[PDB]
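First, one chain by itself: the form deposited in one PDB entry, in structure tokens.
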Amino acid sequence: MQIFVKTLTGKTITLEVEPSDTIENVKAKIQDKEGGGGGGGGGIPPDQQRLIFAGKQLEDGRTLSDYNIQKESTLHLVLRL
């Protein structure tokens, strides 16, 4: 199922995900996809980011299923250093 994720650089990345994917795993895939761009020397480490869905801060260790995140939803990354 696709979701879309706005990165800290303001780029929007599309990603195939499953309900069983942990938020940690989605963050890592998004960062691999955008692949050190926007100054991405070594970018911001994904453990210093959080994924937000529909106004809610998602837990890194929980799964998309836990939040009833549907296909083609847009999520966003924020900085938590």
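Rigid core: the largest C-alpha set superposing within 1.5 Å between the two forms. Numbers follow the displayed sequence, beginning with 1.
There is also a form solved in complex with a partner chain; it is not shown, and the following applies to it.
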item: Touches the partner chain in the deposited bound form: residue 52 (any heavy atom, 4.5 Å); value: yes
item: Did residue 10 shift 2 Å or more between the shown form and the other one, C-alpha, core superposed; value: yes
item: Residue 44 C-alpha moves between the shown form and the other one by 2 Å or more, core aligned; value: yes
item: Closer or farther in the deposited bound form, the Cα atoms of residue 25 and residue 9, when the shift from this form is 3 Å or more; value: farther
item: Sense of CA distance change between residue 29 and residue 43 in the deposited bound form, threshold 3 Å; value: closer
